[PDB]
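Starting off, we have a lone chain in the form solved without this ligand, written out as structure tokens.
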């Protein structure tokens, strides 16, 4: 096994070290570059949300509800529970004539410290429409209603909406169903685990579909729906996360060149449209990147993901400098003195 780490220091003395796993793949999933174990069996968590949004959009009758691109971005979101996220959740419930009591997700403290601070100040108790996954849950309810399934158990494995998700995830990964494992997420849905490179593969396919659409190429229904998802995420990145959030700031900086999505417990996935940068990396099409920090540290994840974009030449120094606060996280003590930093003793291998 390779020894790929992100390391924090205090005055040059090792504080913490964190093992890094990464895969960089082409549009067919061929491995181009790796850190750590690029095939590590990994819980995709919320980084599977674009695959789940594809299952929702490929459910016949869902188009009749009139979900717009910001609604689709919400289906793809781990949102901050800003007022705009909660309002959009309730508007999406209205489009399908369902209620908050139909949701099978629960409230939680906001993923945004600033939102959560304002909640704590007002003694706000979050409810199901406040879930960071509320968009995905409304989409799954929409799919259940559309096929005339019945809604009470839309979240259970035996429900056709979860059968459709499970098949769709295996298909995008190019895996047999038995090579995908399932647990239960914080939002109370089935959540998949598969080799980390296949999370890269999903995002390479999303960006590849965007390339095919933009170029006016004939597309399958699946390619057209993947291109729609890419467009929705890139056009409404504030729905995918929120103000100050990595995914939002990343996708704003890149202005359509890529989409990126957080997985809880420090996974990350990026889908990169074909560019001079992807060609210099040795592929003629789109690219996928997937990352896992073995110990689950989010601050380290955003630092490593930003470092990998710099290493791979994706964007310009100017575009990437919008993410400087995440790339080289502040180590300023209570008296304003910088006490250390973050280092990246890992080596991309081809």
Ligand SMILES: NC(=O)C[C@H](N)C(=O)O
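Positions refer to the first chain, counted from 1.
There is also a form solved in complex with this ligand; it is not shown, and the following applies to it.
Of the listed stretches (169 to 177, 257 to 265, 272 to 280, 85 to 93), which one has a non-hydrogen atom within 4.5 Å of this ligand in the bound PDB entry?
Going by heavy atoms within 4.5 Å, the stretch is 257 to 265.
In the bound PDB entry, the one of 129, 239, 115, 187 near this ligand [non-hydrogen atom within 4.5 angstroms]:
Of the candidates 129, 239, 115, 187, 187 is the one lying within 4.5 Å of this ligand in the bound PDB entry.
Hey, with this ligand in the bound PDB entry, do 46, 133 and 136 all fall inside the 4.5 Å heavy atom range?
Every residue of the spot touches this ligand in the bound PDB entry.
When the contact criterion is heavy atoms within 4.5 Å, does residue 78 count as touching this ligand in the bound PDB entry?
Although this ligand is absent here, residue 78 would touch it in the bound PDB entry, with heavy atoms inside 4.5 Å.
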